[PDB]
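> Input structure: entry_0.txt, which contains compact mmCIF, C-alpha atoms and all ligand atoms.
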# COMPACT_ATOMS: atom_id res chain seq x y z
CA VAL A 301 91.23 88.52 85.66
CA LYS A 302 88.60 86.51 87.38
CA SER A 303 87.87 87.74 90.91
CA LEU A 304 85.96 87.07 94.10
CA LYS A 305 84.07 89.70 96.13
CA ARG A 306 83.39 89.00 99.80
CA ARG A 307 81.73 91.02 102.51
CA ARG A 308 83.83 91.72 105.59
CA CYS A 309 82.31 93.12 108.77
CA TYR A 310 84.20 94.26 111.89
CA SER B 1 115.09 94.51 91.46
CA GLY B 2 111.82 95.63 89.97
CA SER B 3 110.35 99.16 90.19
CA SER B 4 111.29 101.87 92.70
CA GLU B 5 108.83 103.90 94.66
CA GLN B 6 109.49 106.96 92.57
CA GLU B 7 109.08 105.08 89.24
CA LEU B 8 105.67 103.82 90.34
CA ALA B 9 104.52 107.19 91.59
CA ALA B 10 105.57 108.86 88.30
CA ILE B 11 103.80 106.28 86.17
CA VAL B 12 100.60 106.23 88.24
CA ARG B 13 100.38 109.98 87.90
CA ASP B 14 100.93 109.72 84.11
CA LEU B 15 97.98 107.27 84.13
CA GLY B 16 95.68 109.92 85.66
CA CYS B 17 95.67 108.46 89.17
CA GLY B 18 97.45 111.35 90.94
CA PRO B 19 94.38 112.91 92.57
CA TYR B 20 93.45 109.62 94.14
CA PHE B 21 96.87 108.18 94.95
CA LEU B 22 97.88 107.95 98.60
CA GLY B 23 101.45 107.03 97.62
CA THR B 24 103.73 104.07 97.32
CA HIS B 25 103.95 102.23 100.65
CA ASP B 26 105.59 99.32 102.36
CA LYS B 27 103.44 96.64 103.97
CA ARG B 28 102.30 98.99 106.78
CA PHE B 29 99.97 101.03 104.50
CA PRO B 30 97.40 102.21 107.02
CA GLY B 31 94.27 102.14 104.85
CA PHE B 32 91.50 104.42 103.68
CA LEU B 33 90.89 106.68 106.66
CA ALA B 34 88.87 109.78 105.82
CA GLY B 35 86.50 111.33 103.29
CA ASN B 36 84.53 110.28 100.26
CA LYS B 37 87.00 110.56 97.34
CA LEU B 38 88.12 107.63 95.21
CA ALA B 39 91.48 106.44 96.60
CA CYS B 40 94.26 104.06 95.82
CA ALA B 41 97.77 102.99 96.82
CA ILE B 42 100.62 100.72 95.78
CA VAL B 43 101.75 98.53 98.69
CA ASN B 44 104.72 96.24 99.12
CA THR B 45 104.40 92.85 100.77
CA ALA B 46 107.53 93.66 102.82
CA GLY B 47 108.74 96.41 105.12
CA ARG B 48 110.75 99.32 103.74
CA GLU B 49 113.86 98.19 105.65
CA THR B 50 114.02 94.98 103.61
CA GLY B 51 114.49 96.71 100.26
CA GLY B 52 111.10 95.42 99.05
CA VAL B 53 109.82 92.11 97.69
CA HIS B 54 106.55 92.34 95.72
CA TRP B 55 104.10 95.10 94.74
CA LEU B 56 100.29 95.02 95.22
CA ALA B 57 97.64 97.62 94.41
CA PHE B 58 94.73 98.70 96.56
CA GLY B 59 91.72 100.72 95.45
CA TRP B 60 88.81 102.12 97.46
CA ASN B 61 85.44 102.99 95.90
CA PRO B 62 83.48 105.06 98.45
CA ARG B 63 80.18 104.69 96.55
CA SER B 64 80.01 100.95 96.90
CA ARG B 65 82.35 100.63 99.95
CA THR B 66 84.46 98.22 97.95
CA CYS B 67 88.13 97.71 98.49
CA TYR B 68 90.02 96.11 95.63
CA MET B 69 93.27 94.25 96.36
CA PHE B 70 95.16 93.50 93.14
CA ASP B 71 98.02 91.04 93.27
CA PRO B 72 99.50 90.56 89.75
CA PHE B 73 99.90 86.86 90.68
CA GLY B 74 96.34 86.49 92.04
CA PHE B 75 97.34 84.78 95.28
CA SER B 76 94.76 84.19 97.96
CA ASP B 77 95.11 85.89 101.33
CA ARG B 78 96.32 82.61 102.84
CA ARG B 79 99.03 82.31 100.17
CA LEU B 80 100.11 85.96 100.52
CA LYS B 81 100.56 85.30 104.23
CA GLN B 82 102.43 82.02 103.63
CA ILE B 83 104.68 83.13 100.77
CA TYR B 84 105.16 86.83 101.47
CA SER B 85 104.50 87.07 105.19
CA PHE B 86 101.90 89.70 104.25
CA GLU B 87 98.53 90.30 105.89
CA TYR B 88 96.16 93.24 105.38
CA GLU B 89 93.19 92.44 107.63
CA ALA B 90 94.24 95.20 110.06
CA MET B 91 94.16 97.77 107.24
CA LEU B 92 90.70 96.61 106.12
CA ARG B 93 89.40 96.78 109.71
CA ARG B 94 90.79 100.24 110.15
CA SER B 95 89.24 101.40 106.86
CA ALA B 96 85.79 99.90 107.59
CA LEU B 97 85.66 101.46 111.06
CA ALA B 98 86.70 104.84 109.68
CA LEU B 99 84.53 105.02 106.59
CA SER B 100 81.58 102.64 106.72
CA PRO B 101 78.47 103.38 108.82
CA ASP B 102 77.90 99.63 109.42
CA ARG B 103 81.59 98.68 110.07
CA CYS B 104 81.57 96.54 106.88
CA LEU B 105 83.11 96.71 103.42
CA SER B 106 83.35 94.45 100.39
CA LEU B 107 86.78 93.08 99.39
CA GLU B 108 87.33 92.06 95.76
CA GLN B 109 90.56 90.34 94.73
CA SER B 110 91.91 88.41 91.73
CA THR B 111 92.14 84.64 91.50
CA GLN B 112 94.41 84.67 88.45
CA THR B 113 97.93 85.60 87.48
CA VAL B 114 98.74 88.05 84.69
CA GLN B 115 102.47 87.89 85.45
CA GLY B 116 105.17 85.30 84.79
CA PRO B 117 106.70 83.73 87.82
CA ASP B 118 110.20 85.19 87.24
CA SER B 119 109.08 88.62 86.06
CA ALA B 120 110.07 91.87 87.77
CA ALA B 121 107.07 93.77 86.34
CA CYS B 122 104.71 93.52 89.34
CA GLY B 123 104.75 97.26 90.10
CA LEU B 124 104.02 98.08 86.47
CA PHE B 125 101.10 95.66 86.40
CA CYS B 126 99.87 97.40 89.56
CA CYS B 127 100.00 100.73 87.74
CA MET B 128 97.99 99.27 84.83
CA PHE B 129 95.36 97.94 87.27
CA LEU B 130 95.13 101.36 88.92
CA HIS B 131 94.46 102.99 85.54
CA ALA B 132 91.56 100.53 85.19
CA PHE B 133 90.39 101.30 88.72
CA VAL B 134 90.36 105.08 88.49
CA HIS B 135 88.63 105.10 85.10
CA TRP B 136 86.18 102.19 85.81
CA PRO B 137 85.97 101.93 89.64
CA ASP B 138 82.90 99.68 89.66
CA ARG B 139 84.51 96.99 87.48
CA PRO B 140 88.30 97.25 87.46
CA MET B 141 89.36 93.56 87.36
CA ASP B 142 87.92 92.67 83.95
CA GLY B 143 85.47 93.92 81.40
CA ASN B 144 87.09 97.37 80.81
CA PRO B 145 89.34 98.68 78.10
CA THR B 146 92.55 98.44 80.17
CA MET B 147 92.23 95.02 81.77
CA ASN B 148 90.71 93.53 78.64
CA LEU B 149 94.24 93.76 77.16
CA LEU B 150 95.50 91.10 79.60
CA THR B 151 94.68 87.39 79.83
CA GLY B 152 94.32 85.99 83.36
CA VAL B 153 95.56 82.45 84.03
CA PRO B 154 94.46 80.43 87.08
CA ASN B 155 96.78 81.17 89.98
CA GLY B 156 97.34 77.46 90.51
CA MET B 157 99.01 77.33 87.04
CA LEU B 158 101.57 80.04 87.83
CA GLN B 159 104.53 77.64 87.67
CA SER B 160 103.36 75.65 84.63
CA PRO B 161 105.34 75.74 81.39
CA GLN B 162 101.99 75.72 79.55
CA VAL B 163 101.18 79.34 80.54
CA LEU B 164 104.52 80.99 79.78
CA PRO B 165 103.51 82.26 76.32
CA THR B 166 100.36 83.84 77.70
CA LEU B 167 102.14 85.51 80.61
CA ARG B 168 104.89 86.86 78.35
CA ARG B 169 102.29 88.24 75.93
CA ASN B 170 100.68 90.01 78.90
CA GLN B 171 104.01 91.67 79.66
CA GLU B 172 104.45 92.79 76.06
CA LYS B 173 100.91 94.22 76.13
CA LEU B 174 101.74 95.96 79.45
CA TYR B 175 104.73 97.71 77.90
CA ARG B 176 102.76 98.79 74.85
CA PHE B 177 99.96 100.09 77.11
CA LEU B 178 102.49 102.06 79.18
CA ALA B 179 104.17 103.46 76.06
CA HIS B 180 100.80 104.77 74.87
CA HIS B 181 99.84 106.25 78.21
CA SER B 182 103.00 107.40 80.00
CA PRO B 183 105.63 109.97 78.93
CA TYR B 184 107.81 108.79 81.87
CA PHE B 185 107.75 105.24 80.55
CA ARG B 186 108.45 106.42 76.96
CA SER B 187 111.42 108.48 78.04
CA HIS B 188 113.01 105.63 80.06
CA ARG B 189 111.55 102.69 78.14
CA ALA B 190 114.59 100.50 77.45
CA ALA B 191 115.91 100.85 80.93
CA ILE B 192 112.58 100.13 82.59
CA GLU B 193 111.95 97.11 80.35
CA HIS B 194 115.37 95.70 81.25
CA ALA B 195 114.86 96.23 84.93
CA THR B 196 111.37 94.66 84.95
CA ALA B 197 112.00 91.86 82.41
CA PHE B 198 109.95 88.70 82.20
CA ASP B 199 112.87 86.45 83.28
CA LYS B 200 114.63 88.95 85.54
CA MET B 201 114.33 86.98 88.63
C1 LIG C 401 107.66 92.36 91.06
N1 LIG C 401 107.42 91.55 90.18
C2 LIG C 401 108.85 92.66 91.82
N2 LIG C 401 109.97 91.93 91.36
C3 LIG C 401 111.14 92.16 92.00
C4 LIG C 401 111.19 93.08 93.07
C5 LIG C 401 110.02 93.77 93.44
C6 LIG C 401 109.96 94.73 94.58
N3 LIG C 401 110.89 95.87 94.39
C7 LIG C 401 110.89 96.80 95.35
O1 LIG C 401 110.12 96.71 96.32
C8 LIG C 401 111.78 97.97 95.21
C9 LIG C 401 111.60 99.03 96.13
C10 LIG C 401 112.41 100.15 96.04
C11 LIG C 401 112.19 101.33 96.99
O2 LIG C 401 111.84 102.40 96.52
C12 LIG C 401 112.34 101.15 98.53
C13 LIG C 401 113.37 100.07 98.85
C14 LIG C 401 112.81 102.52 99.14
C15 LIG C 401 110.93 100.79 99.07
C16 LIG C 401 110.66 99.57 99.66
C17 LIG C 401 109.39 99.32 100.14
CL1 LIG C 401 109.05 97.79 100.90
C18 LIG C 401 108.35 100.23 100.03
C19 LIG C 401 108.65 101.45 99.44
CL2 LIG C 401 107.38 102.64 99.30
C20 LIG C 401 109.92 101.74 98.96
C21 LIG C 401 113.44 100.23 95.11
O3 LIG C 401 114.19 101.37 95.14
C22 LIG C 401 115.38 101.34 94.34
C23 LIG C 401 113.60 99.22 94.19
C24 LIG C 401 112.74 98.11 94.25
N4 LIG C 401 108.89 93.55 92.79
Just give me the structure as structure tokens.
Ligand SMILES: *C(#N)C1=N[C]=[C]C([C][N]C(=O)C2=[C]C(C(=O)C([C])([C])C3=[C]C(Cl)=[C]C(Cl)=[C]3)=C(O[C])[C]=[C]2)=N1

Amino acid sequence: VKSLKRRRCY
Amino acid sequence: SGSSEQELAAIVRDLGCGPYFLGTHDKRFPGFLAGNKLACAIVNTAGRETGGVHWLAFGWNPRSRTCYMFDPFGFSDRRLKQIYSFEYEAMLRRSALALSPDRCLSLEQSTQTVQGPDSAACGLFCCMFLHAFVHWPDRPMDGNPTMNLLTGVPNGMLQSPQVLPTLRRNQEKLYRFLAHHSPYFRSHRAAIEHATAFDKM
């Protein structure tokens, strides 16, 4: 599968 | 309908994920909370009390601080919230604050379905993804021997008649993969295939 990778900061 | 908690746990351990597997959970899976070992879980979109609705997989790679969320349908977070009343931002926040020195992580998720819209095989596809994850944790979604067996279709085409052959072929490849890799699946194969069939729903 195609995918997306995102950075998440908290 | 679909796979039980115990079926999934048995199959994931046949697939070599036991050391890493935090267990089969309902939607309240708390996250990745301590230590530096590879980790994963199977997580329902619904609460236990409902009887369950849909299975997702989560993986955590401590080296890269990457969390993988695998939905066999490849829905976006907005669509998981809309359709399934499922959100997982609290789990990600908890995990980043527990494990990451900068309070950040990377989240990788699919944009494509491998599964037919009426299929009951979601938990089994989750198991197959977790085999990919534990053996190739830097590139589980594609470009590895396990996930190369499946053909992703854009999520927006999930309900199209044009993709039904592809999605059924994925399910047949899933069962052959599980027969090669899992004595539990081999021993219960006909029953599991009936229960998880492509048109079950
Ligand atoms: C996919 N595709 C798909 N298709 C149809 C149905 C489902 C979801 N099936 C289930 O969630 C299911 C769950 C169980 C359980 O073991 C219980 C009900 C105890 C459960 C429920 C939740 Cl939300 C979480 C856990 Cl860990 C356990 C079944 O037990 C017989 C059967 C099906 N997915």
> Which residues of chain B are close to chain A, meaning at most 8 Å apart when you count all atoms listed in the file, and how do they look as an MDAnalysis selection string?
chainID B and resid 93 96:97 102:114 141:142 147 150:153
> Residues as selected, C-alpha atoms, written as a PDB file, in the coordinates of the input, can you do that?

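Saved result, again18.pdb, follows:
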ATOM      1  CA  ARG B  93      89.400  96.780 109.710  1.00  0.00           C
ATOM      2  CA  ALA B  96      85.790  99.900 107.590  1.00  0.00           C
ATOM      3  CA  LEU B  97      85.660 101.460 111.060  1.00  0.00           C
ATOM      4  CA  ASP B 102      77.900  99.630 109.420  1.00  0.00           C
ATOM      5  CA  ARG B 103      81.590  98.680 110.070  1.00  0.00           C
ATOM      6  CA  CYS B 104      81.570  96.540 106.880  1.00  0.00           C
ATOM      7  CA  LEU B 105      83.110  96.710 103.420  1.00  0.00           C
ATOM      8  CA  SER B 106      83.350  94.450 100.390  1.00  0.00           C
ATOM      9  CA  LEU B 107      86.780  93.080  99.390  1.00  0.00           C
ATOM     10  CA  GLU B 108      87.330  92.060  95.760  1.00  0.00           C
ATOM     11  CA  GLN B 109      90.560  90.340  94.730  1.00  0.00           C
ATOM     12  CA  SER B 110      91.910  88.410  91.730  1.00  0.00           C
ATOM     13  CA  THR B 111      92.140  84.640  91.500  1.00  0.00           C
ATOM     14  CA  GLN B 112      94.410  84.670  88.450  1.00  0.00           C
ATOM     15  CA  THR B 113      97.930  85.600  87.480  1.00  0.00           C
ATOM     16  CA  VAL B 114      98.740  88.050  84.690  1.00  0.00           C
ATOM     17  CA  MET B 141      89.360  93.560  87.360  1.00  0.00           C
ATOM     18  CA  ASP B 142      87.920  92.670  83.950  1.00  0.00           C
ATOM     19  CA  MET B 147      92.230  95.020  81.770  1.00  0.00           C
ATOM     20  CA  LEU B 150      95.500  91.100  79.600  1.00  0.00           C
ATOM     21  CA  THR B 151      94.680  87.390  79.830  1.00  0.00           C
ATOM     22  CA  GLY B 152      94.320  85.990  83.360  1.00  0.00           C
ATOM     23  CA  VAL B 153      95.560  82.450  84.030  1.00  0.00           C
TER      24      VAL B 153
END
> Taking all atoms of ligand LIG 401 (chain C) that appear in the file, build a box with edges along x, y and z, extend it by 6 Å on every side, and state its centre and edge lengths in Å to one decimal, as AutoDock Vina command-line options.

--center_x 111.4 --center_y 97.1 --center_z 95.5 --size_x 20.0 --size_y 23.1 --size_z 22.7
> Mind pulling up the distance from atom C7 of ligand LIG 401 (chain C) to CA of residue 174 in chain B?
18.4 Å
> For CA of residue 10 in chain B and CA of residue 51 in chain B, quote the distance in Å rounded to one decimal.
19.2 Å
> Could the residues that lie within 7 Å of ligand LIG 401 (chain C), counting all atoms listed in the file, be listed as a list in words?
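Within the 7 Å cut-off, the matching residues are residues 1, 2, 3, 4, 5, 6, 24, 25, 26, 27, 43, 44, 45, 46, 47, 48, 49, 50, 51, 52, 53, 54, 55, 119, 120, 121, 122, 123 and 201 of chain B.
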> Between CA of residue 144 in chain B and CA of residue 191 in chain B, what is the distance in Å, rounded to a tenth?
29.0 Å
> Name the closest residue to residue 67 in chain B among the candidates B:184, B:29, B:133, B:86; distances are taken between atoms, counting all atoms listed in the file.
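Using all atoms listed in the file, the shortest distance to residue 67 in chain B belongs to B:133.
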> From the set B:64, B:95, B:160, B:166, which residue has the shortest atom-to-atom contact distance to residue 34 in chain B, counting only C-alpha atoms?
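Of the candidates, the smallest distance to residue 34 in chain B is held by B:95.
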> Measuring between all atoms listed in the file, which one of B:154, B:74, B:165, B:137 shows the shortest distance to residue 125 in chain B?
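Smallest distance to residue 125 in chain B is found for B:74.
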